[PDB]
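From first to last, the protein sequence lines are chains A, B, C, D and E. In the UniProt record's numbering, each residue carries its 1-based index in the first sequence increased by 50. In the UniProt record's numbering, each residue carries its 1-based index in the second sequence increased by 1. In the UniProt record's numbering, each residue carries its 1-based index in the third sequence increased by 1. In the UniProt record's numbering, each residue carries its 1-based index in the fourth sequence increased by 1. In the UniProt record's numbering, each residue carries its 1-based index in the fifth sequence increased by 61. For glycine and all other residues, C-beta sits at the position ideal for the given N, C-alpha and C.
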Amino acid sequence: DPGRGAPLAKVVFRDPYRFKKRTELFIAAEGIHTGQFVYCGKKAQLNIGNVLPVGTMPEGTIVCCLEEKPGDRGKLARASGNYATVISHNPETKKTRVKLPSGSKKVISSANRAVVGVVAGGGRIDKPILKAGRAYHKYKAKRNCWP
Amino acid sequence: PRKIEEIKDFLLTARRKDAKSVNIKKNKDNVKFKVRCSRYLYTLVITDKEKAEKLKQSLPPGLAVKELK
Amino acid sequence: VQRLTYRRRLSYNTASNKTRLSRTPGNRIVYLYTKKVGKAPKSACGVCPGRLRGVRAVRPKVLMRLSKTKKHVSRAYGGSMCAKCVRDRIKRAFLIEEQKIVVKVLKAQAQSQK
Amino acid sequence: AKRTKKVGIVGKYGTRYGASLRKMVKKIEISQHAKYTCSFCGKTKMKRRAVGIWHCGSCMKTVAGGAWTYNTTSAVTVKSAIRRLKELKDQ
Amino acid sequence: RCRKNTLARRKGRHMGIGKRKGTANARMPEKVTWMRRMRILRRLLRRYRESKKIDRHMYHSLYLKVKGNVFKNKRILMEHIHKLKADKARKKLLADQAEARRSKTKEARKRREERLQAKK
RNA sequence: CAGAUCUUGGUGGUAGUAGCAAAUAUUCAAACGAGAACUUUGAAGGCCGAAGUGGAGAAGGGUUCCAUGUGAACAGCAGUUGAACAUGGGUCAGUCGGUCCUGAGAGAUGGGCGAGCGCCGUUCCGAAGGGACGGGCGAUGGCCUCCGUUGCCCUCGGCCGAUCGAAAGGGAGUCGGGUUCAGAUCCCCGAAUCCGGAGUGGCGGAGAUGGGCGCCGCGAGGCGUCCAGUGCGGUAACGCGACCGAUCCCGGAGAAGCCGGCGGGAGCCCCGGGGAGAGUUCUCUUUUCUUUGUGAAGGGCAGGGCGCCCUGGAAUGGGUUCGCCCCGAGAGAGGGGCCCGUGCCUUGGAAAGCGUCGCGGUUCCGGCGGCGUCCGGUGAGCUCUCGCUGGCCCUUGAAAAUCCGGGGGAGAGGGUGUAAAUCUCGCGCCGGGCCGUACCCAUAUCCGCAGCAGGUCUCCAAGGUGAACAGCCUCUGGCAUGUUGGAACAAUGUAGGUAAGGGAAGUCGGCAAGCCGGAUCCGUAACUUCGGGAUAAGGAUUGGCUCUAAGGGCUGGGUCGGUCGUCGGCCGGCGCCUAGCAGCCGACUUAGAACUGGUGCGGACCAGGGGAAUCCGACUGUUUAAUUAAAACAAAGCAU
Ligand SMILES: [Zn+2]
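Written out as structure tokens, the structure is:
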């Protein structure tokens, strides 16, 4: 997806109340490869690139593309290779604490979903761009504000 | 145009109620029949001079014109 | 010696202006404007790179003309699941399709026996 | 080798950009270009396609791995723990 | 006036060192001079393999060797075959003479002992 | 009114003065004419020299286009000419574009805001669909058979945004010959094609024609009853001429960058022969020069491409490219299938075109005839196109209209001579509105106050030397030296050159011009981020003419006897192209040698002066359009 070092993934689902094929663009976790069965919901077991709501995943499980508030379809920790860690639930008041990529610990509402595993494309900023032009071509593909 | 490679066609392609004219031109050695129809110039190559006179009379109506050469 | 001209009124070497030359009976080399050569279909599988054999390759709107035998292959799933897939995915369908239904039978057995 | 003593791939840059920048790049323009072995076939035909996406040559399977390497060692240890956490979640 | 010149350029005139301005590559490139040589030492190489003067195994090694230009024209390949193929033969004649004698007396050893075990 | 650098109008001296100098160049004769340095024809000498002083277009101009005529005015001299002036004439489309589609964006209703013209906003706080198959009923119509048709209802439908936005993107199908003072894919002649209609079926062919049983009849065959038939071939890729089908779902085409390599095809060039016409023949030249074809759409076949199938299973690993690459996830090897087919033959097509030689129409015919449009070969050549395969990205390189294939089976159809359907199979009929269409496209028709050395988007792209679209000369084509001529040859200029001896002594400063300047063969330092420095520096050679050596393609295998028409198909018998030889063609190249020249030889043109240090900026890049091109800004890197 131009203007992003985290390549997406065209997942194909099935509408269970009509008849057609629905497609999405998940941020692709790392390890995901085509022809793979990605699950989605509350009773889908732990494995990489498989969304399940924080609260039904054990303490210490690394997630990405974590939602802020239930239903906004992914907002936190979704850059090119970042990951939010779950820390410790609180099965009363139904809350959870995540350690976002910056380091600030958040008291996130539970029941909001997050695809497991780090985001593919990691380790991007380890190559010196080395050129004036190579930075130019990078910022031309995004909001046009380079020099 | 269309190439036609026998005789029986040349009548079924020239007995039609819409056909317009027949051109029987004497190329240097073969013969060329060209019946003009509404969509094609149905050309028959026959290489026998002593067979064109057989096919000159046998045209469906008396119409043997207009020929050139 | 060549003194040629675009015969139409467009004079910019764009994509819909490519040309080929020819030699008219009056012995005059003149342009002729060529219709672009389209590409034959691909597989509906999506994971095979080659094109279809059997399906005539021509621009889209020309397909209003050709007979149905020129636009597909008598094979089931013809002209949409590639001829490599006709050798692969139509293979790979049955082998995937029959057996997976057969496994459902096996699991309907071991579960029901108990 | 014999053509160049201590540059390698980054000899296509000449006397520019300095020394230490080119040394740091020489370890990245070797990882990314070189062909890995696709785990689904064993045929060393897994070549980087764009940033963070990899393509095979014979299986025709794209794998979303690291940005200059088939896997970043954190992404492997994350795959590690999630396996271990899967038994504890289900005893 | 241009033909009379070109019929002299073919022979060697007007083409010394005083009539060259282009680089040695420009007059006749190195990529082409190599390229046309691989298509001659490969073509000859596979006109021999099917003609059965060399065999599968030799056609491989000669294929890698010519790729590292240890053979620089056709004659020195036509000859370097006449050295290998010839000394391969003499080794065979001293190989199919060694085992023919070695075993004949070995089964003739096996026969002479069997005519012993019958006659006690 | 004397004035105000006064307002408007007018006229002088300057002054018959400055000036009519950017890009080589004109001359002789003739014609109309009152008149000729300039107009027109002819002869000669020159240039633009295919990145054009050529042949066409888009913006823009708007009648400048073409013809007849004029000598007021303008064309900075003149003019018999014009881009001027006065009359007339000219722009022909189903297929060339516009219209259709969406792109960055623009925009209205719903909503919100606003004293207010209105504004924000584009799925966003909206009852946003006006359409369809079938079915039940009422109801006409025309042979109220049957179907075309109509109103109510039952069903079905996602509303995912009205509209606008490209004469270069997407977007079906037209080519050849001729024709006028100006138009020609537009007109005439001749060949084709797309779309739409087909309604009572305009006609053929296809789905459609079986089997058993019982009768009789020798049989040919016919007599009757059941039940079938919405097509066949190939193991396979797939093929055949059509071969029912909806709501719904899936996918494909439309539909993707830049660069490098290689190969196929074609146009141009080149070489060798035949012809037809030509310039030279003072002497030589089987002579040098022009010319030597076949459209669209079908049909057949060469030629490229395949990540298509089948047999079999490979390490004493192979095959294979310029580089690669691929292989038990099935190599080589044999057989087949598909796609592209711009190429060759053929229908069009010799009738036409073209080159010559000859008649008729004394005249305005687009007339009549003889001959020909033949046979070859090379290529790292150039241009255009097609197809493989790599490289580069922290760049991954357009949307929609439209058209298509697949799945699924709601429905239709007839009961044994015929149906319903043809993702039209071959034909046949009818229709294709509307607007643009001349010309210039630039040292003259455009913008700069003009016939201004400025500026303004593209296609076509010959011969020679040469690395080359460099520079220079020539052919097809074009022109009169760019708003004038004549006579001389002073100074000062402007633009070019050379100069004895010294060589920066000149000057703020080697400012300017001057040396070096290509290529082959030798040789190459301090420094260094080990890549560079480097064409470092510094040497030698270069002409002609005659030779030498080396670097390649295509073809090959026997007397003998009978049969078949020592020559050949066959047999049997032999040969064993057995070391690899023999014959025919074929392109430019590289190294060496002899001889010769007033030692000249990258002989015009094109083509670097070097070395040792200091300061500054890392570099490539950018800027003060019209005085500052830098040490200024940017920049990757570092860090808050
Ligand atoms: Zn693989």
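The bridge partners DSSP lists for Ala-127(A) come to none. Of all residues in the stretch 12-25 of chain D, only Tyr-18, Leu-22, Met-25 place a beta-carbon less than 7 Å from a beta-carbon of chain A. At least one heavy atom of ligand 1 lies closer than 6 Å to the C-beta of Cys-57(D).
Counting C-beta pairs closer than 8 Å gives three or more between the stretch 32-42 of chain C and the stretch 53-65 of chain C, which meets the contact rule. Taking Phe-132(E) as reference, the option from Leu-155(E), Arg-100(E), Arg-117(E) with the minimal CA-CA separation is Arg-100(E).
At least 7 Å separates the beta-carbon of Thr-106(A) from that of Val-136(A).
Look at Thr-63(D): its C-beta is under 7 Å from a C-beta on chain A. When C-beta distances to chain D are compared with 8 Å, the residues of the stretch 125-146 of chain A below that value are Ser-130, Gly-131, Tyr-133, in chain order. If you draw a straight line from the Cα of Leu-86(D) to the Cα of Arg-17(D), it comes to about 49 Å.
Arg-54(C) has its alpha-carbon roughly 39 Å from the corresponding atom of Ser-32(D). Contact between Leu-105(E) and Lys-135(E) holds, since their C-beta atoms are separated by about 6 Å, short of 8 Å.
Just measuring C-alpha positions, the residue of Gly-121(A), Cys-115(A), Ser-160(A), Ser-159(A) sitting nearest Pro-151(A) is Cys-115(A). Sixteen is the threshold: when 16 or more other Cβ atoms of the shown chains lie within 10 Å of the Cβ of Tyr-133(A), as they do, the residue is buried. Between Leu-89(D) and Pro-178(A), the C-beta spacing is not below 7 Å. The alpha-carbon of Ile-25(B) is positioned some 16 Å away from that of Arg-3(B).
Exclusion of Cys-49(C) from the 6 Å shell around ligand 1 follows from its C-beta lying no nearer than that to any non-hydrogen atom of the ligand.
Relative to ligand 1, the beta carbon of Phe-87(A) is positioned no closer than 6 Å to any heavy atom.
For the pair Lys-13(D) and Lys-27(D), the Cα-to-Cα distance works out to about 11 Å.
In the displayed model, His-83(A) falls within a strand according to three-state DSSP. Taking 7 Å as the Cβ-Cβ cut-off, the stretch 76-93 of chain A approaches chain D at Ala-78, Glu-80, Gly-81, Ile-82, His-83, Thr-84, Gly-85, given in chain order. Taking each of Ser-160(A), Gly-131(A), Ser-154(A) in turn and checking the Cα distance to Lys-145(A), the smallest one comes out for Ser-160(A). Across the structure, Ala-111(C) and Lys-105(C) are spaced so that their CA atoms are roughly 10 Å apart. Straight-line spacing of the CA atoms in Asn-28(B) and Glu-51(B) works out to 14 Å. Taking 7 Å as the CB threshold, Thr-73(A) stays off the interface with chain D. Burial of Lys-80(D) is indicated by the presence of at least 16 other C-beta atoms within 10 angstroms of its C-beta. Remark: the C-beta of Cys-60(D) is in contact range of ligand 1, defined as less than 6 Å to any heavy atom. Residue side-chain check: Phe-95(C) keeps its Cβ at 6 Å or more from all non-hydrogen atoms of ligand 1. Against chain A, the beta carbon of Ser-75(D) has neighbours under 8 Å at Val-168, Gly-172, listed in chain order. A straight line joining the alpha-carbon of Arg-81(E) with that of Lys-3(D) spans about 34 Å. Taking 8 Å as the upper bound for CB-CB distance, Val-166(A) and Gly-99(A) are in contact here, some 7 Å apart. For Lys-177(A), the chain D residues whose Cβ falls inside 9 Å of its Cβ are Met-25, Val-26, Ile-29, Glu-30, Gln-33, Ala-68, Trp-69, in order along the chain.
In the DSSP annotation of this structure, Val-62(A) is not part of any alpha helix (DSSP H); the continuous beta strand (DSSP E) holding it starts and ends at 58-64. No Cβ of chain D is located within less than 7 Å of the beta carbon of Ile-158(A).
Per DSSP, the unbroken alpha helix (DSSP H) holding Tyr-120(E) starts and ends at 117-128. With respect to chain A, the C-beta atom of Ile-54(D) has a partner C-beta closer than 7 Å.
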